[PDB]
Each structure stands twice: as C-alpha cells, then as structure tokens.
Amino acid sequence: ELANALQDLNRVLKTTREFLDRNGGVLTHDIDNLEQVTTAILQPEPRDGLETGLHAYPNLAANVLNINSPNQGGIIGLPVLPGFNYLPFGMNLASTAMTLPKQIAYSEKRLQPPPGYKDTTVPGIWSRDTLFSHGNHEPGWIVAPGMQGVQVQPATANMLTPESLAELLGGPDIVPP
Amino acid sequence: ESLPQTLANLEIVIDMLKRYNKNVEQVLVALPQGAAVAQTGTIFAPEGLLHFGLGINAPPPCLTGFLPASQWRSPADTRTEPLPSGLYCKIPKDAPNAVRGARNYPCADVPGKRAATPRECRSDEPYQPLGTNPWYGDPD
Amino acid sequence: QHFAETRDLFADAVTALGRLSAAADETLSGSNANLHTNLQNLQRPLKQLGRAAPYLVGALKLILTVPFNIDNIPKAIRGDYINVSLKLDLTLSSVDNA
Amino acid sequence: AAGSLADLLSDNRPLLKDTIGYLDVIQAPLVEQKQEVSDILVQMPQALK
Amino acid sequence: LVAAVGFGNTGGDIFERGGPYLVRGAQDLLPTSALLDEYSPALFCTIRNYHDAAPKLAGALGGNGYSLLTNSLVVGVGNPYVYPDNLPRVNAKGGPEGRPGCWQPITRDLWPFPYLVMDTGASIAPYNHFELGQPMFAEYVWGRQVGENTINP
Amino acid sequence: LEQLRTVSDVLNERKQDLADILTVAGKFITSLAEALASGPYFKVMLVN
C-alpha cells in the first residue's frame, strides 16, 4: 500500500509539475477567451436575439423549402400591388404542377401513404386518390401515426372519418385498413 | 473568476439549446435539402431561377403591424437606416392570408401556445391584434 | 516536538484539502456518466466536422443566409429595395415546364 | 475525490484522446484561414442590417 | 503544508462556485448531444455542398456588380395556406430516404431535387397536375369567395 | 491548446461582432420570414 502510494505520488507530482509548466499559460488564456466571448454573446440583447433566432428560424427554413418548385426549379413569387390598401377583388386562375409523383421523397417512412391514398398539403394527412377526389370530395381519409395537435377546419373534418378526427386530437393512433 | 463564468455561460447556452431541441432538429433536417435546392436552382451559372406567379391579389398583403405608408423611403435613397423592431403581420389569427406568419409560431417553452417572439410567449398578457387588414386604408 | 509546534498548520492543511476534495468529489461523481454519454455521442459529429473542416470557412459564406451570399450583399441590396434583372423567359421549353 | 477522479479518468480517457484528435483535425483549417474567419465576422453584421 | 492550505482554499472556492454549473450543464447536454449525433451523416455533405454552391450563388450577385441576375418565367401558384390545418409545426425529423443525409450533388443529369416531405404543417406534394385555383374568385369587402378552401388540391 | 488559443483569440477579438450578429439577426428574422407565410411562395413588390 504505502510503497506504491509514495512512488505513484512522486511520479504524479513530477507529471503534474511538467504538465502545468507546459500547458497552464495557454489553458488559462483559452479559458479567459472563452469566458469573454460567451459573456459577450449572453448579454440581454444577444440573449433575446439568440432566443428569437431559435424560435423563428425553423419556420423560415420550412417556408423557404415550400417555395421551391422541383419541376420548374428556383423559387416562386407573386407581384402584390399595395398602395386604398389594395384592390377589393382577387383571382387565382390555376395552380400548375409544382411536383410529380416520381419526385416525392419522405423525410420519415411513417409519412408515406399506403396504396390507395395520396399526400395532401398537410403532411401526414392522406386522402383517397380517385377521379372525383379533388377538393375534399372523397370521404374516408386517414392520418399518419403521431400527428396529434393539428386542429382542422369543419370542411376537412367531415371527410377525415371519426377515428382519424379523434387521433388528430386524442391519444391513440389509428390502424390503417 | 473566469472558469466559473465560463461554466455558467455554457450551462445557459446548453439550457437554451435543450428547451429548443425540436427547432434545432428541424433546422438540421432542412439544411441539406436547402443545399440540394440551391444546387438544383443554380444550373445556369450567372442566372438564378426565379419564377413569377400569375393571379392578382390571391392573398392580399397585410400592412398591419408593419411600417406605415407615409414612412416608406423613396427608391433613390441608397442610404441605410436602422432596422425597426417588432414588425410583423398583426391580423387576428384568421383568414388564409399570412396563416404561417410569426403570430402562429409554436412556443417551445410554453406548450399549446403560438406567439411571434419568446418574450411574447412568456408573457401572460393576451395577444390582441393591432387590427384587421382592410382594403380601404387605415390598417393601423 | 516539531509536530506539536505545527499541529494547527497540519490541521489547516488537511481541512483545506478536504474542502477542495468535497466539492471536487461531488462534481466528478455528478458528472461521471453524463460526460461519458456526451463524449460518446459527440464522437460522430466531431469526426464529421473534422472531415468537413477544410470547407467550413468557405461554407460559412452561405450556410447561414443561404439564398443570399454575404460577399456581394452591400452592392446588390441598396438599402430598402433589392436590385434584380428581369429576364422574362417565354421560350417554348420554359412554357412547357411552367 | 481521489476515487472519483480515478473513475472519471479510467472511463473517459479513450474518448478524451479521440476528442483531442478530432479537435486537432477541426482546428487546423481554422488556424490556417483565421484571417478569413475574422473578415467574415466583421463583414456579416452590415450585410444582416 | 502551507502550499496545501492555499491550494485547497483556492480550489475549493473554485469548485464550490463552478461545480453545480458543470454538473447541470452535462445533465442538460444529453438531449442535444443525442440530437447532434443523430444528424452526423448530414454534416460533411451539407458543408461540402454549401461550399461548392457559395461561388455559384456569389457570381449571380457580383457578375453585374449592381444587381442580381434572375431567369423569370410565369407560372401558376398553389392554393393559399388554410387557417387551422396549415398552421406551423416544429415536428420535422429524418432526412432523404428516411434517414439523415444529403442527396448526391445535383448535376444536370439529375436536375430536379426530390421534394422532401416532413412534419411542417404545409406541403406542396399534391401539386402533380393542372387544376383551377380553389378560391378562384375572392372579394375583400364582404369576404365572399367562390370555391371551397381545401388541403386536397 | 495552442491552435485553440489562436482561434479563441481571433474569436474574442470578434466577440462584439458575434453579439452584433445575434442582436441584429434576431430583430428582423420574424419580419423577413413573414413574406413566405401567406402562401406557397413569397410576396414581392416590384417598384418598376
């Protein structure tokens, strides 16, 4: 016990002394620089700036990823006409094909519709793909598992079945047929 | 007096990143797809693709909660001015117009709430709109 | 006799070492497993950032703003309004794709 | 405290070795191009404004 | 003994002030460390692709030296975001093909980026065909608009 | 430690610039992301 304790204590004292004499001035300098920079970025205004960035950037990323049409490339923007503030009437003639069926990829494999169902503008909500199924006109939609918290309008709740309408708000995930 | 402050600041940063974990994950998922989108949209070296959508006033712009019309600057003035704070679309959480605006961003710390900034997320004072956006002036 | 002369100093040394070691022990026992888990988790990001280290400075020009590049912002954007060149495309290929 | 430090070193030593190696790999380009990092940090706030 | 007194006092003060901070920081770093470890495969490729695309996006802004060069073609716009269903979510996860990663560099051999669908509360996946705008005509006086708002174009 | 020293030195000289980035990038991000929100595109005002 005591012999090994004394010898190892002597060796570790020598090792610690060498390590300190070599590395201490730079380790202290690095710690001081880290303290200064972290204190600088954690001042009140930088604190709330970082807060608002973490709060509002994922939505910005999602929205800018939703303005990119794969078939035509680039980004899409429409020329609003402000300045009365604007015209009392508006028109949206048609929506051209932004994507194609062969191009769609899913971030998670739980979001991919099964046979007989197609994706909607709200990910995880799967319609029915038929000829008359355009514009919430085909009843019997389903929802992806783990999609709780998406409150819907009265229009799309009728087509969404009771089980899936519950799953949007309630706990259990539906069993697709 | 420097190591304890370093550890306290690191604890603050890690706490802020932990409360906003879902936000960080969403940005990390969106970034590679953003790079892929940029690669797709820059196949022509000097020109970047930017299309224009047909249709007039499909969603109208909201001037509520933004700078007044009389405060707009002439396009000739290239001079830079300090950017204003707390400007976003202040419509009363209604209509298809600006549905995904700041006022509907989820609050990470406060479950089941939507607000523009974390300062407004933490505050318990109710969110009241600056005004419905009209077509005939006085957006206030 | 010498030990009796310096008993107070020995007690002070032992108590000071104990004061240091109590806090050191609580810190090193409260962080033994979390530090190991954090290191084992960060191994992969550290390796992938080491691989991507040469391109990090070049990437920084874009990875934050993305559609904007920090280098040429002061001349393209003259304050309020972004300058842009409108090359309207009415070619049959663009009409087909649109 | 001696036991706690021995435990924290016995289990974290290979991971700290790998961490220091990876840190060297990450840091070398930053040191090589430190002027670029300083210049972009100076430049970015004006572009952001 | 004297040096032990001094070192013990100094180190004890330092550890008392900065030990709980380190412990709770290492406790709070577990979820973020796991999150960063999960999305390692999309780290090198993202940085490499942004480095490659930085000169390409800089040339657009700097080629003229006074403007930005854009190719503009008229196109149709999708239906506006509906009120309750299109509200924002922060539940995005995963990556291409179900796992984190990047697409292979987009050349002109493989031009269209595969659109990636993730939990966001909004998507443009169902725009596979030509259809009339569901709120085709709208009025901003009495809020009366023809057609039915939908999430299923 | 020495290369971390030089990196941390150039970072500490730019600590105020990091603070400026965080401050100013948090006071317009909500405003600039507003344009994207109305529909699947972004509004633009063409003065010409």
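Structure notes:
Letters are used for the chains, namely A, B, C, D, E and F, taken in the order the chains are written, and counting of residues starts over at 1 for each.
Everything below uses one rule, namely that a contact is a pair of C-beta atoms (placed from the backbone, for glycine too) under 8 Å apart; a residue touches a chain by one contact, two chains touch by 3 or more.
Looking at A-B and B-C, the interface holding more C-beta pairs in contact is that of A-B.
Distance from subunit B peaks, on a Cα-centroid basis, for D. Mean C-alpha positions place subunit E and subunit F at a centre distance of 15 Å.
Note on chain placement: the centre of subunit D and the centre of subunit E lie 25 Å apart, centres being C-alpha means. Residues of subunit C in contact with at least two other chains: 20, 22, 24, 31, 35, 42-43, 47, 49, 51, 56, 61-63, 66-68, 71, 73, 81, 84, 87, 97-98. Those residues of subunit B in touch with two or more other chains are numbered 3, 10, 17, 22-24, 26, 29-31, 33-34, 37-38, 40, 43, 47-55, 57-61, 75, 80, 83, 96-97, 99-100, 102, 105, 108, 116-117, 135.
The set of subunit A residues touching two or more other chains comprises 34, 48, 50-52, 56-59, 62-66, 68-80, 82, 86-94, 96, 98, 107. Remark: subunit A residues 58-59, 62-63, 65-66, 68-74, 76, 78, 86-101, 103-109, 111, 118-125, 127, 133-136, 141, 147, 149-153, 155-156 touch subunit E in the complex.
Subunit F meets subunit A in the complex at residues 1-2, 4-5, 8-9, 11-12, 15-16, 18-19, 22-27, 29-30, 32-33, 36-37, 39-46. If you check the complex, the residues on subunit A that touch subunit B are 28, 31-32, 34-35, 38-39, 42, 48, 50-52, 54-59, 61-65, 68-70, 72-94, 107. Subunit C contributes residues 66-67, 97-98 to its touches with subunit A in the complex. Interface residues of subunit C facing subunit B in the complex, by the touch rule stated above, are 62-63, 66-67, 78-81, 84, 87, 98.
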